[PDB]
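Engineer: Below are the structure tokens for one structure; questions will follow.
Reconstructed Cβ throughout: ideal geometry from the backbone, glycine too, with neighbour counts over all protein chains shown. Since every read-out is calculated from the coordinates, none of them should be taken as a lab result.
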Amino acid sequence: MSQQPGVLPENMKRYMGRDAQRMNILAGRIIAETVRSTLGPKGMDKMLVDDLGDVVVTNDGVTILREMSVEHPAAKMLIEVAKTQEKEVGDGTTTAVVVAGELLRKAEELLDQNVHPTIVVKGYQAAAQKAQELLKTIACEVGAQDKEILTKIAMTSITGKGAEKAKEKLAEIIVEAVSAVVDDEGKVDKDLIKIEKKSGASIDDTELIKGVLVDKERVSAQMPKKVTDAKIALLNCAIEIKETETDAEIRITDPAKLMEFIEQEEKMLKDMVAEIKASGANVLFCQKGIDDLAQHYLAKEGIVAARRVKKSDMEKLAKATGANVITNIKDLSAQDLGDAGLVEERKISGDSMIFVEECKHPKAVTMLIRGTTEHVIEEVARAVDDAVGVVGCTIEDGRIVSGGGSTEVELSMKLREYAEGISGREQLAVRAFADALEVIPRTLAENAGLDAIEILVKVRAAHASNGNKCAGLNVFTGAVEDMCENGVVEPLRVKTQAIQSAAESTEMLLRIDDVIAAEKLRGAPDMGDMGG
Amino acid sequence: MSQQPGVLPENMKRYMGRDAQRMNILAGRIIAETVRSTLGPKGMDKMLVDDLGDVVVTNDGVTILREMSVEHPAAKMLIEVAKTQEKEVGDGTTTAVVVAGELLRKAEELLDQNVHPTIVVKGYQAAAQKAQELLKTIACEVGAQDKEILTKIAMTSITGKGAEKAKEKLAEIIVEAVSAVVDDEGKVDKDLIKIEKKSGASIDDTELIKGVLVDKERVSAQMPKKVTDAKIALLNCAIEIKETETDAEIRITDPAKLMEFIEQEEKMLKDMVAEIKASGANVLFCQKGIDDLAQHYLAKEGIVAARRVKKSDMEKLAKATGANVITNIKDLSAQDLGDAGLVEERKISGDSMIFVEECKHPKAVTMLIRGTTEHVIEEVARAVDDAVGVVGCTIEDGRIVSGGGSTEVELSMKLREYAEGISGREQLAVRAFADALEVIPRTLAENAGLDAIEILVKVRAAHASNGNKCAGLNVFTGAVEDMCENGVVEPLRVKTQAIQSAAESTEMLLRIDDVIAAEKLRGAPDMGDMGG
Amino acid sequence: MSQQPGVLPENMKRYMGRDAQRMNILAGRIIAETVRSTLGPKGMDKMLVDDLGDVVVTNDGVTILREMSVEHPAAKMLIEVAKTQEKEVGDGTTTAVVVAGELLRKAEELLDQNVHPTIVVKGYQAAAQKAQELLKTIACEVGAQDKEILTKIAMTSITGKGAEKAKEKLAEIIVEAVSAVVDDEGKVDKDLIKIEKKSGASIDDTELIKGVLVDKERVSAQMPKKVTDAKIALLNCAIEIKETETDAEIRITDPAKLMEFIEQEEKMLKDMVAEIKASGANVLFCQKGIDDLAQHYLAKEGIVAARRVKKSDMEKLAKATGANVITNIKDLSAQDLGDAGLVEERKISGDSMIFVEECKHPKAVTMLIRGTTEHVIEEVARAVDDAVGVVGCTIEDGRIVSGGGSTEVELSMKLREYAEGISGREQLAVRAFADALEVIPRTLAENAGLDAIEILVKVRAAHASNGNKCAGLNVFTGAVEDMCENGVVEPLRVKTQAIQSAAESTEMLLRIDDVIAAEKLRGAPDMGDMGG
């Protein structure tokens, strides 16, 4: 952890390559170590700064990568490996970026003085083919059989580690996920749960926003503050014929008798607003909704009025589910299915209070509540969604296996065992790598007594056909056995990719022991290089 | 109190983390000490400056946080803890930010050389769970039983400490609160009392503005100065058809006979102003109210005329309560309920005199008076509202318990007593913390004889089942017993959150003993760091 | 091999320590790698420079350490480890500094995250205790039994690798060593062989200077150029009573008759030079020898005259062996034993020709000849003495064992075997180290096919009780077996210390993972440090 900000020298690149890979390793190793420090289950506090700003976080890889802009043409290159795994999000991903970013060390050294990494590549991919193999239950103990609600609590156990409730915030965020799982489109489900928490006086326990938040606004001023039970209406954008389309080129040539034309236009919108009231719906929602004159009419006929630009609310409204496919200009009578009539609990916390009525229908619902205040909540608020979203992707079929709890430590003994097959070169850097896949679940260990490997022999005991699980950090050092929350992950899948991102990136990260460049500008401002 | 403005070094961050937490503690401790100095019941004078400006204050946390813009990425982070508690406002909040900001010291040291604060977190939250427990009467002596007017005087005893009237400004500001409590929306009540004091010749005793101030203006020039008993009218915004909507594109093509069109337009507004007078209301209020021609008509028919932009006055008018929901364009006859006819006591102090008549109805009324002059008043004017507002939130049910007067000192002995439960680690940093929750009510003490702890043994005497109260700073050192105003707070609630803001913030404030950052710009202007 | 000249930053030290050891390792590893490149049996060319100078070399550690003045407070510290081993000189020493400087890597990592190297120290010393054990023949094949002339040729095989005669320059330099071994004082023997080579026209094969060079001078001008068979004389410093001792204070007061005093003084030295000639010796040698007047007398009576300051020649003369213990002022007749009479072969090459007669007596003789020209010879001239000197120290008793030829590779398998003893911690970093003592004899390998380890399995075959030897680099890849010159070293001793210098230095090189300093000046010019 020296050489502050990539030591800040070597301004715009040059020089020779065979010491540069060792340089690439140095650059990749340092950023991998700083992240490793309290990341994943270690997870806690990583302090941030900048010139006037804030980014407190824990267990998040995208956030750490959001930063340290460049510092060497090696750090940026491997930000993407985390980024590639970031697609199909999670937090256990970057912890896996650490496992990949580590063995490459015993691998870069490896056969010290050999130009052919071409052997090591055959190995990592082989470990991945073994990965698809271990995807099929290798755990045996938990297997896949357990209540799904269990796997749900498991994600709540991890949360974002820095979780306020070291326990059951669980099924709160989960029921909304249990609803979200019914949608199962792969993304529209994470779109409904989307948005907030907090926005309430004080802190404490609150959650769900049951069936519909869908809007953000105290709703424009007339009396949104009043009129409880406004009713079912679902007009999502009234616009007026403000005497504009026109531009005419020339219009209203003759003087005097304009006393009609002025009154008639206000009249034209008053009739269209009276007919919309005929629906007996009343509530108005609208981005471009200002119709001031026939708004006062709408005030009499439609509880209140609203005024501006939230489109995501309309898509969120498509989730409110009031059939709002067709809404252009005039006359549509058939659709109005959005919930019941009870609306807007007024003035708590501040600014705006908005959540719609509920006439039961499971999905396409929102998810946000008072919970806790902004900064302390920002982190617990998001991590729990990552908890609700990642589980949502894997909950579907195609997978069965207990994760974590060193299920990996011996998955790797199998990898070391396959080394029995004499040829993948000889060294079986595939196996030598396996050794690391065995050392990493231990890097996770963090501490317990002091350092480690004391507990590794402990894991070796009882797995021949027994199975791995339970290794924990809480005061009680759990060798193996039940409800230590094992490896919370089952959805164990993420390892499938956590294993792959390694083999692909780590290979082209190496074998690249040439030049390291003396690059001419493609970006700016650059020109010439200095060193020779 | 050294290292002026965060010593002004370490320009844009870098370096290693394990000395940085001690650095975070140093940064949080210093700002916490400067505020502690004469804050809360100590409360008096904290001198301000800047490049051409003024901010004199006492007992206020938001004001101190308004300043010292940054000085370390630790000070800004914990400005928000005060800020989070600032929601549901008060002054006793930041005094509580001091109690939280103090023990973390015996806690940072604590188990000197232990990486696990994870134990300390279980403790602070436990103290909070005890907080919800002590919310239920632990005082016993006052309990909850006492006249509510008493608790009202209590808030007037505190005021903002720097209170001119070390006594009964009380029920003056309170009756308006007694009215405000009837509204009880949680915020609309604080909106009515809202605005001013002073604005009168000299100083002295004056208050209330009884039922309605609602407007600010000498009201436009014609004769607002005269016409006492102008009457009930409540037109809140007359606009004219200034021959504009138009733009036409082309209009008035032919010459000569325009002698009609000019006279007819002035005629069009004269008839609409004559009909509005038919209401026999007369008084006019209006943001966009200039109708110059039929204003002279309105001058004859409506005492005076007004002219510009105060919207908050209209919402304040909704509180005047003249039904002003519908007011667009023309013809509405049904509504006119705003008070009586007596209006505007002319020309005192200066600029504008404006307060409306009174035809009885309790709430939706204003609250401002001559009281004292601007700077000396600014502070006493606001603190008393914080007095009227914070009490307003808690006056509702769900709470019962005597506050202050060391009710806390022994609430904490209970916390130290629970330490009987052997495990929360061992040290029971929960208890070690309790010790501080016991030392802080003493930090409040300020002085009396000299230093303290002399009176702590005094508090220990008579609480086993007796109860705590009366510890004061006035010449008479009150051990315990009645009307020393005990702990003015009952509404004791604020402690509920004052206790919570601690446990949440203090935990993520610690456990953050890594990096302390070497941040790349997110704000501006920053780039590169200097130190290695 | 990056960070030119210690990257040239971190001007006068500061900062934190736990990344500094990794920094010390980096500094020690780099200098150890640059030296490793073609050093020892790899041995060839390492290019030098500077501001106007020359230092071409091969296999020499003192020369590489003579340079790279500082570059980090870690490089200088471990220059001395080479330096400590440099006492009792040799070239195989620094190759051994490389073996020590390498494993510390698998050892610094080792138990990754353990503060106790205290275990590793018990190991290196244990390897040394094993070293004294393997000193007793472990080779078995050569054992100790072989002609000593063989071990002599062995040193001539190594020479300084860059040897012109890839063969028998051997017994030439050796007979002089065979004589030198008779002296066996531990240093006076290396003092006789001391001085030169070259100093002759052209190059080619020449050697020995048989019994006596002892002087450097064409001998002062009169006729040193002539008078072959000058004879046995051994006057080593005639000084004159130049009328000086005096200073008198006052002398020669009266005028005129000084015609006596002038003639008498020249007379006083003429009689003392005539008596010295009575010895019938004739040849003169002298630092402070100018006696101009009775020098012309000495010219008539003593072939020639000499004139200035070579003291080392007198000690070299003590080796010529003409009893020259007593030589002050006047009259000593008893001693004159220096060789025969034949002297000075005149004018070849240039400047001076000087080598004395030979009347047989084995030791206390010189060793220098025409050989080759200065720069190409400088290196071959010295390396061969290191060849003649190091063998001279070990030729004495107390040792028996074949060296090199991987005798080490399996000496280490024994070290790995002792790891059978379960406790030296557990890891047996002693064994893990052994692994390196096994990998290093392979780092020696240099290349053969490509990289290595291909031949390691080759060494494993046939050593259980068979013995190790013969691994070579010449076209014929010799697995094991005879006259591949095995491990030329037997004198195998040097390993005794090559093994020790490691254990002592490598331990205090580590365990030093603190501060790395922020030093205030002790040298100059320094003051203040910059980084915080």
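Engineer: Hey, what's the Cα Rg ratio for region A:211-362 versus the globular rule of thumb, 2.2 N^0.38 Å? Intermediate values should be presented prior to the final figure.
Structural biologist: On the way: Rg = 17.1 Å, N = 152, 2.2 N^0.38 = 14.8 Å.
Expressed relative to 2.2 N^0.38 Å, the Cα Rg reads 1.15.
Engineer: Please list, or write none, the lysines whose alpha carbon is within less than 22 Å of the alpha carbon of A:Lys169, excluding same-chain residues fewer than 8 places away.
Structural biologist: A:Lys42, A:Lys147, A:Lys152, A:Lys161, A:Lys190, A:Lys194, A:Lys197, A:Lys198, A:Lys210, A:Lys363, B:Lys122, B:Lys130
Engineer: In chain A, which residue puts its Cβ closest to the axis that turns chain A onto chain B, and how many whole Å away is it?
Structural biologist: A:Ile250, 6
Engineer: Modelled label-to-label distance, B:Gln132 and C:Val182, 7 Å Cα→beta-carbon offset: nm?
Structural biologist: According to this spin-label approximation, the distance is 10.4 nm.
Engineer: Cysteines without a disulfide-compatible partner in the protein assembly as shown, using Cβ under 4.7 Å as the rule?
Structural biologist: A:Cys140, A:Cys359, A:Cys393, B:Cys140, B:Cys359, B:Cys393, C:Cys140, C:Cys359, C:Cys393
Engineer: Name the residues whose placed amide hydrogens come within less than 5 Å of the amide hydrogen of A:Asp215, ignoring near sequence neighbours (fewer than 5 apart) on the same chain.
Structural biologist: Residues meeting the amide H criterion: A:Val356.
Engineer: Next question. Averaged across B:242-253, how many Cβ atoms of other chains sit within 10 Å of each residue's Cβ atom?
Structural biologist: Values: counts 0, 2, 0, 7, 6, 6, 9, 8, 7, 8, 6, 4.
Mean inter-chain Cβ contacts per residue within 10 Å come to 5.
Engineer: Report Rg(Cα)/(2.2 N^0.38 Å) for chain C, keeping two decimals. Can you show the working numbers first?
Structural biologist: Details: Rg = 29.9 Å, N = 532, 2.2 N^0.38 = 23.9 Å.
For chain C, the normalised Cα radius of gyration is 1.25.
Engineer: Please list, ordered by chain and number, the residues whose modelled amide H lies under 5 Å from the amide H of B:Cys359; skip anything fewer than 5 residues away on the same chain.
Structural biologist: For B:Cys359, the qualifying residues are B:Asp339, B:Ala340.
Engineer: Just tell me how shielded A:293-301 is by partners: mean number of partner chain Cβ atoms within 10 Å of each residue's Cβ, no decimals. Provide the component values of the computation, followed by the final result.
Structural biologist: Numbers: counts 2, 1, 1, 6, 2, 0, 4, 2, 0.
Counting other chains' Cβ atoms within 10 Å and averaging over A:293-301 gives 2.
Engineer: Distances from C:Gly17 to the same position in the other copies: list them in nm, one decimal, shortest first, using label points 7 Å from Cα along Cα→Cβ.
Structural biologist: Once sorted, the set of distances for C:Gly17 reads 2.1, 4.3 nm.
Engineer: Moving to a separate point now. Hey, can you grab everything whose amide H is under 5 Å from the amide H of B:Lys46? Only 5+ residues off in sequence or another chain; H modelled, so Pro and N-termini drop out.
Structural biologist: Excluding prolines and chain starts, which carry no amide H, the hits are B:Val57.
Engineer: In addition: Return the distance in nm (one decimal) between the two label points of a simple spin-label model at A:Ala221 and C:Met530, each offset 7 Å from Cα along Cα→Cβ.
Structural biologist: 6.0 nm
Engineer: Moving on. Find every distance from the label point of C:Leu450 to the corresponding label point in the other copies (7 Å from Cα along Cα→Cβ) and write them in nm, one decimal, shortest first.
Structural biologist: With the label placed 7 Å along Cα→Cβ, C:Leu450 yields 4.8, 8.7 nm.
Engineer: Further question: Find the Cα radius of gyration of region A:339-437, compare it with 2.2 N^0.38 Å by division, and give the number to two decimals.
Structural biologist: Numbers: Rg = 25.0 Å, N = 99, 2.2 N^0.38 = 12.6 Å.
Against the compact-globule rule of thumb, the ratio is 1.98.
Engineer: Let me ask something else about it. Using per-residue counts of other Cβ atoms within 10 Å, averaged over each peptide, order B:148-156, B:198-206 from highest down. Provide the component values of the computation, followed by the final result.
Structural biologist: Numbers: B:148-156: 19.0, B:198-206: 14.6.
Taking the mean over residues of other Cβ atoms within 10 Å, the ranking is B:148-156, B:198-206.
Engineer: Still on this structure, please answer the following. Taking K and R as +1 and D and E as -1, what net charge do the other residues with C-beta under 11 Å from the C-beta of A:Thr137 add up to? Could the numbers behind the result be given before it?
Structural biologist: Numbers: positive: A:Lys136, A:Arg399; negative: A:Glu133, A:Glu141, A:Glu490.
Net of charged neighbours comes to -1.
Engineer: If you don't mind, another one. Determine which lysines satisfy two conditions relative to A:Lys257: a Cα distance under 21 Å, and not lying fewer than 8 residues away in the same chain.
Structural biologist: Cα-Cα hits under 21 Å: A:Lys242, A:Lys267, B:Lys242, B:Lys257, B:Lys267, B:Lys270, B:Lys330.
Engineer: Per-residue counts of other Cβ atoms within 10 Å, averaged by peptide: what ranking do you get for A:419-425, B:485-491, highest first? If you can, show how the numbers build up before the last one.
Structural biologist: Working: A:419-425: 12.4, B:485-491: 24.7.
My ranking of the peptides, most packed first, is B:485-491, A:419-425.
Engineer: In sequence order, what are the phi-derived ³J(HN,Hα) couplings for region C:324-333 according to the Karplus relation 6.51 cos²θ - 1.76 cosθ + 1.60 with θ = phi - 60°, rounded to whole Hz, with x for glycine and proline?
Structural biologist: With coefficients 6.51, -1.76 and 1.60, one gets 10, 8, 10, 8, 7, 6, 10, 4, 10, 9 Hz.
Engineer: In peptide B:507-515, what is the residue-averaged number of other protein chain Cβ atoms found within 10 Å of each Cβ?
Structural biologist: Going residue by residue through B:507-515 and averaging, the value is 6.
Engineer: Hey, for a label at B:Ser69 modelled as a point 7 Å past Cα toward Cβ, could you say which residues of region B:1-34 have their backbone N under 15 Å away?
Structural biologist: Residues passing the 15 Å test: B:5-9, B:11-12.
Engineer: Round to a whole angstrom and tell me the spacing of the C-alpha centers of region C:352-378 and region C:270-296.
Structural biologist: Taking the Cα centre of each part, region C:352-378 and region C:270-296 sit 27 Å apart.
Engineer: A:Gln113 label points, 7 Å along Cα→Cβ, one per copy: pairwise distances from this copy to the rest in nm, shortest first?
Structural biologist: Its label point is 3.4, 4.5 nm from the equivalent points in the other copies.
Engineer: For the protein assembly as shown, treating each Cα as an identical point scatterer without solvent, what Debye log10 I(q)/I(0) comes out at q = 0.07, 0.08 1/Å?
Structural biologist: With one equal scatterer per Cα and no solvent, log10 I(q)/I(0) is -1.01, -1.19.
Engineer: Report, in deg cm²/dmol and to the nearest 500, the calculated mean residue ellipticity at 222 nm for chain B, where each DSSP H run with n ≥ 4 adds -39500 (n - 2.57) and the sum is divided by the residue count.
Structural biologist: On the way: 16 runs with 202 residues, N = 532.
After summing the helix terms and dividing by the residues of chain B, the value is -12000 deg cm²/dmol.
Engineer: Each residue of region C:471-485 in turn: what ³J(HN,Hα) in whole Hz from Karplus with 6.51, -1.76, 1.60 and θ = phi - 60°, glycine and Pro shown as x?
Structural biologist: For region C:471-485, the Karplus-derived couplings read 4, x, 9, 4, 2, 6, 6, x, 5, 8, 5, 4, 3, 10, 6 Hz, x marking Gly and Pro.
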